[PDB]
Structures are given as structure tokens and as C-alpha cells.
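Source file final-v7.txt; content: compact mmCIF, N, CA and C atoms.
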```txt
# COMPACT_ATOMS: atom_id res chain seq x y z
N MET A 1 301.34 257.69 -9.21
CA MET A 1 300.79 258.25 -7.99
C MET A 1 300.59 259.76 -8.12
N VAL A 2 301.68 260.48 -8.31
CA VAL A 2 301.63 261.93 -8.46
C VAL A 2 301.04 262.33 -9.81
N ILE A 3 299.72 262.34 -9.89
CA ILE A 3 299.04 262.70 -11.13
C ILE A 3 297.75 263.47 -10.84
N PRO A 4 297.90 264.76 -10.53
CA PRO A 4 296.76 265.64 -10.23
C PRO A 4 295.92 265.94 -11.46
N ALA A 5 294.87 266.74 -11.28
CA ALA A 5 293.99 267.10 -12.38
C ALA A 5 292.89 268.05 -11.91
N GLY A 6 291.91 267.51 -11.21
CA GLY A 6 290.81 268.33 -10.71
C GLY A 6 291.29 269.49 -9.87
N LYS A 7 291.53 269.24 -8.59
CA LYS A 7 291.99 270.27 -7.67
C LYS A 7 293.28 269.85 -6.98
N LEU A 8 293.92 270.79 -6.31
CA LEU A 8 295.17 270.52 -5.60
C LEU A 8 296.29 270.17 -6.58
N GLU A 9 297.38 270.93 -6.52
CA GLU A 9 298.51 270.70 -7.40
C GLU A 9 299.62 269.94 -6.67
N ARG A 10 300.14 268.90 -7.32
CA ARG A 10 301.19 268.08 -6.73
C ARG A 10 302.56 268.51 -7.26
N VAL A 11 303.51 268.70 -6.34
CA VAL A 11 304.86 269.11 -6.71
C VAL A 11 305.89 268.09 -6.24
N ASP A 12 307.16 268.40 -6.47
CA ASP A 12 308.25 267.51 -6.07
C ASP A 12 309.46 268.31 -5.60
N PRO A 13 310.30 267.67 -4.78
CA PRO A 13 311.51 268.30 -4.24
C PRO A 13 312.57 268.53 -5.31
N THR A 14 312.28 268.08 -6.53
CA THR A 14 313.21 268.24 -7.64
C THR A 14 313.76 269.66 -7.71
N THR A 15 312.89 270.61 -8.04
CA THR A 15 313.29 272.01 -8.14
C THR A 15 312.12 272.93 -7.80
N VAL A 16 311.19 272.43 -6.99
CA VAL A 16 310.02 273.22 -6.60
C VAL A 16 310.43 274.41 -5.74
N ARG A 17 311.53 274.26 -5.01
CA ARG A 17 312.03 275.32 -4.15
C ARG A 17 313.22 276.03 -4.79
N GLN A 18 313.70 275.49 -5.90
CA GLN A 18 314.83 276.07 -6.61
C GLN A 18 314.35 276.96 -7.76
N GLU A 19 313.29 276.53 -8.43
CA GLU A 19 312.73 277.28 -9.55
C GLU A 19 311.21 277.39 -9.44
N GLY A 20 310.69 278.59 -9.64
CA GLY A 20 309.26 278.81 -9.56
C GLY A 20 308.89 279.89 -8.56
N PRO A 21 307.65 279.84 -8.06
CA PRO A 21 307.15 280.82 -7.09
C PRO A 21 307.81 280.67 -5.72
N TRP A 22 308.19 279.44 -5.39
CA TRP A 22 308.83 279.17 -4.11
C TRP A 22 310.34 279.39 -4.20
N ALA A 23 310.84 279.53 -5.42
CA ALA A 23 312.26 279.76 -5.64
C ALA A 23 312.72 281.07 -5.01
N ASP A 24 312.11 282.17 -5.44
CA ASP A 24 312.45 283.49 -4.92
C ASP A 24 311.32 284.04 -4.06
N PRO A 25 311.68 284.80 -3.02
CA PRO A 25 310.71 285.41 -2.10
C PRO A 25 309.90 286.52 -2.75
N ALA A 26 310.37 286.98 -3.91
CA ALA A 26 309.69 288.04 -4.64
C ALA A 26 308.41 287.52 -5.31
N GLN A 27 308.38 286.21 -5.56
CA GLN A 27 307.22 285.59 -6.20
C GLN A 27 306.17 285.20 -5.16
N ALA A 28 306.43 285.57 -3.90
CA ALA A 28 305.51 285.26 -2.82
C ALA A 28 304.10 285.77 -3.13
N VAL A 29 303.91 287.08 -3.00
CA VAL A 29 302.61 287.68 -3.26
C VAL A 29 302.48 288.10 -4.73
N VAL A 30 301.55 287.46 -5.44
CA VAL A 30 301.33 287.76 -6.85
C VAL A 30 299.85 287.68 -7.20
N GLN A 31 299.30 288.80 -7.65
CA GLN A 31 297.89 288.86 -8.02
C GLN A 31 297.62 288.03 -9.27
N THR A 32 296.70 287.07 -9.15
CA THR A 32 296.35 286.21 -10.27
C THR A 32 294.87 286.34 -10.62
N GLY A 33 294.11 287.00 -9.76
CA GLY A 33 292.70 287.18 -10.00
C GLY A 33 292.28 288.64 -9.91
N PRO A 34 290.96 288.88 -9.90
CA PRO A 34 290.40 290.23 -9.82
C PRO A 34 290.62 290.87 -8.46
N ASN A 35 290.62 290.04 -7.42
CA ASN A 35 290.82 290.53 -6.06
C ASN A 35 291.37 289.42 -5.16
N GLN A 36 292.10 288.49 -5.76
CA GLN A 36 292.67 287.37 -5.01
C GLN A 36 294.17 287.27 -5.27
N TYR A 37 294.96 287.40 -4.21
CA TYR A 37 296.41 287.31 -4.32
C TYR A 37 296.91 285.91 -3.99
N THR A 38 297.90 285.44 -4.75
CA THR A 38 298.46 284.12 -4.54
C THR A 38 299.68 284.17 -3.64
N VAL A 39 299.57 283.56 -2.46
CA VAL A 39 300.67 283.54 -1.50
C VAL A 39 301.39 282.20 -1.52
N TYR A 40 302.72 282.24 -1.44
CA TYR A 40 303.52 281.03 -1.44
C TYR A 40 304.35 280.92 -0.17
N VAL A 41 304.46 279.70 0.35
CA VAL A 41 305.23 279.45 1.57
C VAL A 41 306.05 278.18 1.46
N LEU A 42 307.30 278.25 1.90
CA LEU A 42 308.20 277.10 1.84
C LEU A 42 309.01 276.98 3.13
N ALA A 43 309.20 275.75 3.59
CA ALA A 43 309.97 275.50 4.81
C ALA A 43 310.56 274.10 4.81
N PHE A 44 311.85 274.00 4.53
CA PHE A 44 312.54 272.71 4.49
C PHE A 44 313.54 272.60 5.64
N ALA A 45 313.86 271.37 6.01
CA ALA A 45 314.80 271.12 7.10
C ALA A 45 316.24 271.12 6.58
N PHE A 46 316.41 271.49 5.32
CA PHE A 46 317.73 271.53 4.70
C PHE A 46 318.24 272.96 4.60
N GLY A 47 318.81 273.46 5.70
CA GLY A 47 319.33 274.81 5.71
C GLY A 47 318.39 275.79 6.39
N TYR A 48 318.19 276.95 5.76
CA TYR A 48 317.31 277.97 6.31
C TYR A 48 316.77 278.87 5.21
N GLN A 49 315.57 279.40 5.42
CA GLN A 49 314.94 280.28 4.44
C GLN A 49 313.95 281.22 5.12
N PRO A 50 313.70 282.37 4.48
CA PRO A 50 312.77 283.38 5.00
C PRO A 50 311.32 282.92 4.94
N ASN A 51 310.41 283.77 5.41
CA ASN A 51 308.99 283.45 5.41
C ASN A 51 308.17 284.64 4.92
N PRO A 52 308.39 285.03 3.66
CA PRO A 52 307.67 286.15 3.04
C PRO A 52 306.20 285.84 2.79
N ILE A 53 305.41 285.87 3.85
CA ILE A 53 303.98 285.59 3.75
C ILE A 53 303.16 286.87 3.88
N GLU A 54 302.07 286.95 3.11
CA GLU A 54 301.20 288.12 3.15
C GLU A 54 299.73 287.70 3.10
N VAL A 55 298.86 288.59 3.55
CA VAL A 55 297.42 288.32 3.56
C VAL A 55 296.62 289.60 3.76
N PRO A 56 296.37 290.31 2.65
CA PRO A 56 295.61 291.57 2.67
C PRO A 56 294.14 291.35 2.98
N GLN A 57 293.66 291.98 4.04
CA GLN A 57 292.26 291.85 4.44
C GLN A 57 291.34 292.48 3.41
N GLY A 58 290.11 291.97 3.32
CA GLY A 58 289.15 292.50 2.37
C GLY A 58 289.16 291.75 1.06
N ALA A 59 290.35 291.32 0.64
CA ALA A 59 290.49 290.58 -0.61
C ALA A 59 290.73 289.10 -0.35
N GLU A 60 290.43 288.27 -1.35
CA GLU A 60 290.61 286.83 -1.22
C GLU A 60 292.09 286.47 -1.12
N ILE A 61 292.40 285.45 -0.34
CA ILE A 61 293.78 285.01 -0.16
C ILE A 61 293.91 283.50 -0.35
N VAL A 62 294.79 283.10 -1.27
CA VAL A 62 295.01 281.69 -1.55
C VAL A 62 296.41 281.26 -1.13
N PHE A 63 296.54 280.81 0.11
CA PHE A 63 297.83 280.36 0.63
C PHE A 63 298.28 279.08 -0.06
N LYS A 64 299.57 279.02 -0.38
CA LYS A 64 300.14 277.85 -1.05
C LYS A 64 301.42 277.40 -0.36
N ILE A 65 301.32 276.37 0.47
CA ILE A 65 302.47 275.84 1.18
C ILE A 65 302.92 274.50 0.60
N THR A 66 304.23 274.30 0.54
CA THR A 66 304.78 273.06 0.00
C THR A 66 306.17 272.79 0.58
N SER A 67 306.42 271.53 0.92
CA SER A 67 307.71 271.13 1.48
C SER A 67 308.13 269.76 0.98
N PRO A 68 309.43 269.47 1.07
CA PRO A 68 309.99 268.19 0.62
C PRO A 68 309.57 267.03 1.52
N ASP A 69 309.78 267.19 2.82
CA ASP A 69 309.42 266.16 3.79
C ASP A 69 309.21 266.76 5.17
N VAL A 70 308.42 267.83 5.24
CA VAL A 70 308.14 268.49 6.50
C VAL A 70 306.81 269.24 6.45
N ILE A 71 306.03 269.11 7.52
CA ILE A 71 304.73 269.78 7.59
C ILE A 71 304.87 271.20 8.12
N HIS A 72 304.07 272.11 7.57
CA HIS A 72 304.11 273.51 7.99
C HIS A 72 302.76 273.93 8.57
N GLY A 73 301.82 274.26 7.69
CA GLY A 73 300.50 274.68 8.13
C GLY A 73 300.56 275.88 9.05
N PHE A 74 299.39 276.44 9.36
CA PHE A 74 299.31 277.61 10.23
C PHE A 74 297.90 277.76 10.81
N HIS A 75 297.83 278.16 12.07
CA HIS A 75 296.55 278.35 12.74
C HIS A 75 296.34 279.81 13.12
N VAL A 76 295.53 280.51 12.33
CA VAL A 76 295.24 281.92 12.58
C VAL A 76 293.94 282.08 13.36
N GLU A 77 293.91 283.06 14.25
CA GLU A 77 292.73 283.33 15.06
C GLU A 77 291.57 283.82 14.19
N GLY A 78 290.49 284.24 14.83
CA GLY A 78 289.33 284.72 14.10
C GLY A 78 288.36 283.62 13.76
N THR A 79 288.88 282.51 13.25
CA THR A 79 288.05 281.37 12.87
C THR A 79 288.79 280.05 13.11
N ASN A 80 288.04 278.95 13.08
CA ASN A 80 288.62 277.63 13.29
C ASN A 80 289.29 277.12 12.01
N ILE A 81 290.26 277.89 11.52
CA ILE A 81 290.98 277.51 10.31
C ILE A 81 291.80 276.25 10.52
N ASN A 82 291.45 275.19 9.82
CA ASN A 82 292.16 273.92 9.93
C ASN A 82 292.83 273.55 8.61
N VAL A 83 294.08 273.98 8.46
CA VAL A 83 294.84 273.70 7.25
C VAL A 83 296.08 272.86 7.56
N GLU A 84 296.16 271.68 6.95
CA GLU A 84 297.29 270.78 7.16
C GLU A 84 297.38 269.75 6.03
N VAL A 85 298.49 269.80 5.29
CA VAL A 85 298.70 268.87 4.19
C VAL A 85 300.15 268.41 4.13
N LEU A 86 300.35 267.10 4.10
CA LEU A 86 301.69 266.53 4.04
C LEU A 86 302.51 267.16 2.92
N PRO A 87 303.84 267.04 3.02
CA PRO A 87 304.76 267.60 2.02
C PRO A 87 304.70 266.85 0.69
N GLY A 88 305.07 267.53 -0.38
CA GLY A 88 305.05 266.92 -1.70
C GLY A 88 303.82 267.31 -2.50
N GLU A 89 303.08 268.29 -2.00
CA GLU A 89 301.87 268.76 -2.67
C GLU A 89 301.42 270.11 -2.12
N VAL A 90 301.39 271.11 -2.99
CA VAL A 90 300.98 272.45 -2.59
C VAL A 90 299.49 272.50 -2.24
N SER A 91 299.17 273.13 -1.12
CA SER A 91 297.78 273.24 -0.68
C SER A 91 297.16 274.55 -1.15
N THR A 92 295.85 274.66 -1.00
CA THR A 92 295.13 275.86 -1.41
C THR A 92 293.98 276.16 -0.46
N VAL A 93 294.16 277.18 0.38
CA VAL A 93 293.13 277.57 1.33
C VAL A 93 292.66 279.00 1.08
N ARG A 94 291.36 279.23 1.23
CA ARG A 94 290.79 280.55 1.02
C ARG A 94 290.32 281.16 2.34
N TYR A 95 291.12 282.07 2.88
CA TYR A 95 290.79 282.72 4.14
C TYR A 95 291.29 284.17 4.15
N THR A 96 290.35 285.11 4.29
CA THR A 96 290.69 286.52 4.32
C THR A 96 290.33 287.15 5.66
N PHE A 97 291.16 288.07 6.12
CA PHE A 97 290.93 288.75 7.39
C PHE A 97 290.14 290.04 7.18
N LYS A 98 289.94 290.79 8.26
CA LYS A 98 289.20 292.05 8.20
C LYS A 98 290.02 293.19 8.80
N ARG A 99 291.10 292.83 9.49
CA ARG A 99 291.97 293.83 10.11
C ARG A 99 293.42 293.35 10.13
N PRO A 100 294.35 294.29 10.32
CA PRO A 100 295.79 293.99 10.37
C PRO A 100 296.17 293.21 11.62
N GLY A 101 297.29 292.49 11.55
CA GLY A 101 297.75 291.71 12.68
C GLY A 101 298.78 290.67 12.29
N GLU A 102 299.86 290.59 13.06
CA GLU A 102 300.92 289.63 12.78
C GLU A 102 300.79 288.40 13.68
N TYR A 103 300.81 287.22 13.06
CA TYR A 103 300.68 285.97 13.80
C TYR A 103 301.55 284.88 13.17
N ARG A 104 302.33 284.20 14.00
CA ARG A 104 303.20 283.13 13.53
C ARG A 104 303.36 282.05 14.59
N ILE A 105 302.40 281.13 14.64
CA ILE A 105 302.43 280.04 15.61
C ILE A 105 301.72 278.81 15.07
N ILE A 106 302.24 277.63 15.43
CA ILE A 106 301.65 276.37 14.98
C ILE A 106 301.07 275.60 16.16
N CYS A 107 299.91 274.98 15.94
CA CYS A 107 299.25 274.20 16.98
C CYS A 107 297.93 273.62 16.46
N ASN A 108 297.52 272.50 17.05
CA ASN A 108 296.28 271.84 16.66
C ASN A 108 296.24 271.62 15.15
N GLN A 109 297.29 270.99 14.62
CA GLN A 109 297.37 270.71 13.19
C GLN A 109 296.95 269.28 12.89
N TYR A 110 295.69 268.96 13.18
CA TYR A 110 295.16 267.63 12.94
C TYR A 110 295.79 266.61 13.90
N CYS A 111 297.03 266.25 13.62
CA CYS A 111 297.75 265.28 14.45
C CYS A 111 298.20 265.93 15.76
N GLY A 112 298.36 267.25 15.74
CA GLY A 112 298.79 267.96 16.93
C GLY A 112 300.29 267.87 17.15
N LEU A 113 301.05 268.03 16.08
CA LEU A 113 302.51 267.96 16.16
C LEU A 113 303.03 268.91 17.23
N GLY A 114 304.33 268.81 17.52
CA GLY A 114 304.93 269.66 18.53
C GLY A 114 306.38 269.29 18.81
N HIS A 115 307.09 268.84 17.78
CA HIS A 115 308.48 268.44 17.93
C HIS A 115 309.06 267.99 16.59
N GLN A 116 308.67 268.67 15.52
CA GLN A 116 309.14 268.33 14.18
C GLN A 116 308.91 269.48 13.21
N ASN A 117 307.64 269.75 12.92
CA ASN A 117 307.28 270.83 12.01
C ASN A 117 307.82 272.17 12.50
N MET A 118 307.48 273.24 11.79
CA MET A 118 307.93 274.57 12.16
C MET A 118 306.75 275.46 12.56
N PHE A 119 307.05 276.68 12.98
CA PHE A 119 306.01 277.62 13.39
C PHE A 119 305.52 278.44 12.20
N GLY A 120 304.21 278.38 11.94
CA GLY A 120 303.64 279.12 10.83
C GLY A 120 304.06 280.57 10.83
N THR A 121 303.78 281.26 9.73
CA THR A 121 304.13 282.67 9.60
C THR A 121 303.21 283.38 8.61
N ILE A 122 302.49 284.38 9.10
CA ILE A 122 301.57 285.14 8.26
C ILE A 122 301.52 286.60 8.68
N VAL A 123 301.44 287.49 7.69
CA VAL A 123 301.39 288.92 7.96
C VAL A 123 300.25 289.58 7.19
N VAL A 124 299.49 290.43 7.87
CA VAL A 124 298.37 291.13 7.25
C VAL A 124 298.72 292.58 6.96
N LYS A 125 298.38 293.05 5.77
CA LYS A 125 298.66 294.43 5.37
C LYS A 125 297.36 295.18 5.09
N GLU A 126 297.24 296.37 5.68
CA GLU A 126 296.05 297.19 5.48
C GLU A 126 295.98 297.73 4.06
```

Once more with this new file: its structure as C-alpha cells, please.
Amino acid sequence: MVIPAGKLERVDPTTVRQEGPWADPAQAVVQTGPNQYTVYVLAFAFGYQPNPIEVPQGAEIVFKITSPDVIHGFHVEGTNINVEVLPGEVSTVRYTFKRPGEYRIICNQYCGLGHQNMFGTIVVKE
């Protein structure tokens, strides 16, 4: 089943949050392209963890969220951004802002959850 290739990378609860980009919050924002930063987000129901999310306006942003058995996603203003992917597979969305602004709220996530998942978290830096 878990055998990616073309697009979208599939992960596992094995050590995806213990080792790698999701392991430490320092690996959150990491430039991998000419003007595109790779953002990582993790949120599990087993304990507690920070939300070191970033999104510099003007440059491309590739958000990467992954969880063991919990949906996260995030709905940012400006556009009808619809990002929602079940746990067990890191997602990849391309959305860049034009101005600074802090937003952390979840809603209208396809199914329209509201009593399980968590509240998104994103921060823009000038």
C-alpha cells in the first residue's frame, strides 16, 4: 500500500516524528530551492509539541504536514486554500502571501471537522 513514487511522500509513525525534519523544530524552515522554503508541521495526540511554522511572503512556500492518526490542515485567508490530507502521508501545498500576518485556526477542512483535529498554525515573516 505505502509505495509512493510520482508525487506526495508517504511516511509512517515509526520515527517520522522522532527522526528527520519533524523530529526537531530547527528543521522546520529549510531552504531547498532558489526561492522556496520547506516548512514542516507535526501534531500528534500523544503528548504535546510546538508549532514552528513559517511562511515568508514573496517567496514560494511548500508546507509539509504529517501525523500518526490525526488531521491538521490549515485555512489561511486571502484565497480559498483547501488543504486536507489524512495522517500517514506528508502533504505538499504551494501558497505564498504578500504581507505579514499571524493566523492559527481550523475550519472548512473538506469534512468540516470540529471535535477531533487541532487548530492550524502559520506565521508570516517580512

Within 5 Å of stretch 3-22 of chain A: each stretch 81-100 of chain A residue with its shortest pair, all atoms listed in the file, as a tab-separated table:
```
residue	atom	partner	partner_atom	distance
A:88	C	A:11	N	4.1
A:89	CA	A:11	N	4.0
A:90	N	A:9	C	4.2
```

Just to be explicit: take each residue in the selection above, keep N, CA and C atoms, and write the result as a PDB file, keeping the file's coordinate frame.
```pdb
ATOM      1  N   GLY A  88     305.070 267.530  -0.380  1.00  0.00           N
ATOM      2  CA  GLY A  88     305.050 266.920  -1.700  1.00  0.00           C
ATOM      3  C   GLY A  88     303.820 267.310  -2.500  1.00  0.00           C
ATOM      4  N   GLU A  89     303.080 268.290  -2.000  1.00  0.00           N
ATOM      5  CA  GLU A  89     301.870 268.760  -2.670  1.00  0.00           C
ATOM      6  C   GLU A  89     301.420 270.110  -2.120  1.00  0.00           C
ATOM      7  N   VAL A  90     301.390 271.110  -2.990  1.00  0.00           N
ATOM      8  CA  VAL A  90     300.980 272.450  -2.590  1.00  0.00           C
ATOM      9  C   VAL A  90     299.490 272.500  -2.240  1.00  0.00           C
TER      10      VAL A  90
END
```

Open item on the list: If we count all atoms listed in the file and set the cut-off at 6.5 Å, which residues sit around stretch 64-67 of chain A, ignoring sequence neighbours fewer than 3 positions away in its own chain? Please answer as a ChimeraX atom specification.
Closed with: /A:13,38-44,70,86-93

Enclose all atoms of stretch 83-99 of chain A listed in the file in an axis-aligned box, grow every side by 4 Å, and hand back centre and edge lengths in Å to one decimal, as AutoDock Vina command-line options.
```
--center_x 297.1 --center_y 280.2 --center_z 3.6 --size_x 23.9 --size_y 35.3 --size_z 21.1
```

TODO: Within 6.5 Å of residue A:96, counting all atoms listed in the file, which residues show up once you throw out same-chain ones fewer than 6 positions away? Write them as number ranges by chain, please.
DONE: A: 56-61

- [ ] For residue A:72, work out the shell of residues within 6 Å, counting all atoms listed in the file and skipping chain neighbours fewer than 4 positions away, then give it as a list in words.
- [x] residues 117, 118 and 120 of chain A

- [ ] Find the residues around residue A:100 up to 7 Å (all atoms listed in the file counted), leave out those fewer than 3 positions away in its own chain, and share them as a list in words.
- [x]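 Contacts, with the query itself left out: residues 57, 97, 124, 125 and 126 of chain A.
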
Task: Interatomic distance, atom CA of residue A:105 to atom C of residue A:71 (Å, one decimal) - done: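 Straight-line distance from atom CA of residue A:105 to atom C of residue A:71 works out to 11.8 Å.
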
Open item on the list: Among stretch 2-120 of chain A, which ones does DSSP assign to strand (DSSP E or B) (computed from the backbone)? Answer as a ChimeraX atom specification.
Closed with: /A:9-10,30-31,36-42,60-66,89-90,93-94,102-103

- [ ] Find, counting all atoms listed in the file, the residue in A:95, A:107, A:114, A:123 that gets nearest to residue A:74.
- [x]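 For residue A:74, the nearest of the candidates is A:107.
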
If we count only N, CA and C atoms and set the cut-off at 5 Å, which residues sit around residue A:106, ignoring sequence neighbours fewer than 2 positions away in its own chain? Please answer as a PDB file with N, CA and C atoms, keeping the file's coordinate frame.
```pdb
ATOM      1  N   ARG A 104     302.330 284.200  14.000  1.00  0.00           N
ATOM      2  CA  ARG A 104     303.200 283.130  13.530  1.00  0.00           C
ATOM      3  C   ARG A 104     303.360 282.050  14.590  1.00  0.00           C
ATOM      4  N   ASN A 108     297.520 272.500  17.050  1.00  0.00           N
ATOM      5  CA  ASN A 108     296.280 271.840  16.660  1.00  0.00           C
ATOM      6  C   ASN A 108     296.240 271.620  15.150  1.00  0.00           C
ATOM      7  N   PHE A 119     307.050 276.680  12.980  1.00  0.00           N
ATOM      8  CA  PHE A 119     306.010 277.620  13.390  1.00  0.00           C
ATOM      9  C   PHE A 119     305.520 278.440  12.200  1.00  0.00           C
ATOM     10  N   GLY A 120     304.210 278.380  11.940  1.00  0.00           N
ATOM     11  CA  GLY A 120     303.640 279.120  10.830  1.00  0.00           C
ATOM     12  C   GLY A 120     304.060 280.570  10.830  1.00  0.00           C
TER      13      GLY A 120
END
```
